[PDB]
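With the deposited numbering as the guide, the letters of the sequence shown map in order to residues 219 to 591, 603 to 611, 616 to 735, 770 to 1085, 1109 to 1194, 1200 to 1230. All C-beta atoms in this analysis are idealised placements derived from N, C-alpha and C, irrespective of residue type, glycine included.
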Amino acid sequence: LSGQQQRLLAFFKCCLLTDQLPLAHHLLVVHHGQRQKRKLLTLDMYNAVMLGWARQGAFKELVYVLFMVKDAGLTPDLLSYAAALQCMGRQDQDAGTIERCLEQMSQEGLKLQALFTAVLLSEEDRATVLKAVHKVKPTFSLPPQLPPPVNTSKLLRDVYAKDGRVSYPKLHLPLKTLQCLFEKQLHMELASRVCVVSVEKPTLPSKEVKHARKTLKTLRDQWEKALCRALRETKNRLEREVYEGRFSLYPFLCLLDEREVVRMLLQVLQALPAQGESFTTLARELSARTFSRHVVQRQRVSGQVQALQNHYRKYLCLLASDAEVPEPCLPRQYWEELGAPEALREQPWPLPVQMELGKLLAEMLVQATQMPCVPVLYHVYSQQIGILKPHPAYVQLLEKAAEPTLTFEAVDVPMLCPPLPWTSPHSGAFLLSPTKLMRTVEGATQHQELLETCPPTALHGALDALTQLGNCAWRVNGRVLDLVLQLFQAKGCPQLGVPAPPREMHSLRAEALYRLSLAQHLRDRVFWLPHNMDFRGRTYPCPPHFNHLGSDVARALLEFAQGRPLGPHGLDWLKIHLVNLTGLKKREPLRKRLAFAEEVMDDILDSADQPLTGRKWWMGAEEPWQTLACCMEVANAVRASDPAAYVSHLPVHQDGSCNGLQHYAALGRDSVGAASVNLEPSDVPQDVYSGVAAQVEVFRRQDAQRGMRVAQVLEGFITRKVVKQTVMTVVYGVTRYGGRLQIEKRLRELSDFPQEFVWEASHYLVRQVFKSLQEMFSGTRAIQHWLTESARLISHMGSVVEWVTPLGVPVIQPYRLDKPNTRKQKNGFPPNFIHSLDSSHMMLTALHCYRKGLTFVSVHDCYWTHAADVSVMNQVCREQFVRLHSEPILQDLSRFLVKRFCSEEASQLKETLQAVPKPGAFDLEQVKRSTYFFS
């Protein structure tokens, strides 16, 4: 529909939420009076007004709205009849009148049960309509609810099998403890903000520091008063707009309390960084915050929070180890079994309306806040986007004040209770604040629409994997946190990665400070990280400030709260993991790595006991913090009389190093590719990156002979690690220069390499690595060319490439040329497709591990799990990979693309799709037999 219509409809719905039925009715009447405005008006808007009048009990007003719809010439739909019935139920209308309305429903050819099923309504509304029917002669005759559907796909068939071989893991914490944790999370959700003491050591305040704190407090109070005044003036103007009939944001402002809006704007000023944040981004954030605090308020007033409490305690019983449930069920399945109490307000406001509201809030903040060196926030264009910059004096005042209180959004902090089961894409993660399956802002609406179009069962398999990831419990390690605290307080170490005290150094310090503060806050408290999916389908943790993927130090800090005994092989797995973290003997086999671990055991023990004053071998290792944490675990295990008896909280990371290349070589079944990426079983693992480096070296020597001097500049500086980063950029990308920037960063890290030609060197490395990868792998070269040419052809048609993963979740590329960008779509599709396959293999592995009872989480390529679980999870990854590639993914992709776009350039696309790469000699089953496929 029209953009104006979208906002008018949003205004009416918001008025229903605010209970401003007269204002909405008045605006509707004004629009009806003008013929052009009446054309803008839609039946759904009238239905919404009727619903609100049917929640008030004013039948006469509802009838007047019906008269207006008749004057417009629209015909009353099922929703209008629904509202009439519910109003009659509320007001105890005479049975004969209800019967007359029912006759009019049959006059429009509409069954009452069918109309109720077709049009969604609040349960109070449904109860009212049902009572109306019960007053009338007709019986309610409610149809029984259908049992929840399950996936028929062969890959997920084993997961959904009804045979009672399932042994789902149960959380160690008792049920009562889980309920208390839920209560803490609930209180946090109601407040919507978390105050955390600053990690940085607080010096005794000086006289000047105290004065700065007083000045800041006075300024904050002055800003609060100004903000309240500005909000009131804007509300009055918007109410006048409501009388005029122009679209107004007055209900949107009304939904959140005036004090809450002011408190939110003030916290936004405190949260905003010294460099500043984009004005458009800030406006979007403000609108999202308002919607969140309003959904929480609406649930509280409705009573949806109490019903949720009860329903959730029942769900908690399944998770709790002490409580026993006779039939094991998947968490979403169990939730659905208890019922569906999800709020109907989970759906958000239209994006243009949200943008308008956010911009209004940002403008109010800028005008209201003034401080003497005038306004705190300065709007300056940059790319070429307006940004809001904090006052320089304000930043200095903040530094001088050194306030220990840090505010964080409820969404920003990890949950204190298990995440809500993902029964639907829209409703997941935080119980009170709805989390949308698509974490990524870009392409979220299109992807969400695709998800709704996709059958629920296919969504269900991914939803189960996400729920399982959320259910995993994370506890911060005390020892690592303490060491990081000591270094962070006093300068820190660049090699360790602790940021130096506060161009980007200040930002890094602030981000680290927030992450450490969250870690300290949750150090003694078990917490659950919800997982959200991007467009590619990769799973990411929802909280931005604290997540394992974000930083190496965070990876060291985070360890499983649930504890599983090492077992006979657990100690060996810990040693192998430690060697992997160091990066020593990567090419050598696992047996050699274990022998090396025995050789370096003395260093391991010394480093664990005294990290700061020890040999500091862990610092030498490529991942210092992770190495130190592993060293501590190994030391504890040896100290314990039995290593098998000892329980290792710390995760053991198993990775294929090049998951995308492994998928490319499996798809083409290339023998050379399988050997290079370790798909083929071998006594000694062969490093793909080393082979790429060799091929790069031969190309480098050819270029040195040639006039181009880039090779000479890079001669002797193409280290294996840098090559590894370049290979990852080529295989995995969103067609962005940022990955190339990472290659540049690796080149910058080498002091000997000149930075004068670093940009050219990064470009040249990308080209050389791409040539090397294609040359070494015939199957990969073919598949990549086919994908690139298919994506390019689809982009020319003008439709964004859309494909369905083997799991069944549809993946779309969110690139929009200001139309799809041909460059991004053609280059993006091979990496995005490879990512989707990797995520599919990860979800299959996770679900099967869940059936086995292993705790599984995925961080990038690495698959995290307990040391005892590692061997089993390796077997699962080897079987699931084979099963995924057993299905003809290339053929399925070609057929799906043919359906999506060929039946519309399409013929050329059809020919390209038809010419799928032929299967290679290498046997798929070999992957199962390959011990070194993941290591």
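query: Euclidean distance between Cα positions of residue 678 and residue 485; result: 28 Å
query: Beta carbon proximity, residue 996 to chain C, threshold 8 Å; result: In the displayed structure, chain C is absent; only one protein chain is listed.
query: Per-residue DSSP class, three states only, for residue 938; result: helix
query: Continuous beta strand (DSSP E) assignments of at least 3 residues falling wholly in the region 792-829; result: 798-800, 806-808 and 825-827
query: Entirely enclosed beta strand (DSSP E) segments - the region 863-888, minimum 3 residues; result: none
query: Start-end ranges of the alpha helix (DSSP H) lying completely within the region 510-546, minimum 4 residues; result: 522-537
query: Pick from 864, 433 and 997 that is closest to residue 1047, judged by C-alpha positions; result: 997
query: For residue 333 and residue 296, believed in contact at Cβ under 8 Å, the rounded distance; result: 4 Å
query: Sequence-distant residues of its chain with Cβ nearer than 8 Å to residue 500 (five each side left out); result: 486, 490, 576, 580 and 621
query: Contact between the region 700-711 and the region 831-844 (3+ Cβ pairs under 8 Å); result: no
query: Inter-residue spacing [alpha-carbon to alpha-carbon] between residue 825 and residue 1157; result: 15 Å
query: Residue 927 versus residue 509: straight-line alpha-carbon distance, rounded; result: 39 Å
query: Residue range of the unbroken alpha helix (DSSP H) whose run includes residue 441; result: 425-462
query: Residue 358 burial status per 10 Å Cβ neighbour count (16 or more: buried); result: exposed
query: Buried/exposed call for residue 992, threshold 16 Cβ in 10 Å; result: buried
query: CB contact flag (residue 1007, residue 988, <8 Å); result: no
query: Contact check, residue 815 vs residue 822, beta carbons under 8 Å; result: yes
query: Euclidean distance between Cα positions of residue 1011 and residue 1019; result: 14 Å
query: Three-way DSSP call (helix, strand, coil) for residue 1026 in this model; result: helix
query: Contact check, residue 461 vs residue 244, beta carbons under 8 Å; result: yes
query: 4 or more residues per run - each alpha helix (DSSP H) lying fully within the region 1152-1179; result: 1157-1176
query: Where residue 558 falls: helix, strand or coil (DSSP); result: coil
query: Cβ neighbour criterion (16 or more within 10 Å) applied to residue 723; result: exposed
query: Pick from 1150, 256, 1211 and 1227 that is closest to residue 947, judged by C-alpha positions; result: 1227
query: Terminal residues of the alpha helix (DSSP H) in which residue 1053 lies; result: 1045-1064
query: Candidates 563, 528 and 397: closest to residue 339 by CA position; result: 563
query: 8 Å CB neighbourhood of residue 423 in its chain, flanking five on each side removed; result: 431 and 635
query: The region 1208-1226 touching the region 1063-1082, judged by at least three CB pairs closer than 8 Å; result: no
query: Sequence-distant residues of its chain with Cβ nearer than 8 Å to residue 449 (five each side left out); result: 471, 476, 479, 480 and 582
query: Counted within 10 angstroms of its Cβ, other Cβ atoms place residue 606 as buried (16 or more) or exposed; result: buried
query: Proximity of residue 799 and residue 656 at Cβ, strictly below 8 Å; result: no
query: Spatial neighbours of residue 1149 in its chain, beta-carbon cut-off 6 Å, leaving aside the 5 residues before and after; result: 815 and 816
query: Whole-number beta carbon distance between residue 525 and residue 559, since they are thought to touch under 8 Å; result: 5 Å
query: Helix, strand or coil at residue 589 according to DSSP, with G and I counted as helix; result: coil
query: Close Cβ partners of residue 854 (< 6 Å) along its chain, the five nearest in sequence each way excluded; result: 954
query: Residue 920 beta carbon less than 8 Å from that of residue 1139; result: no
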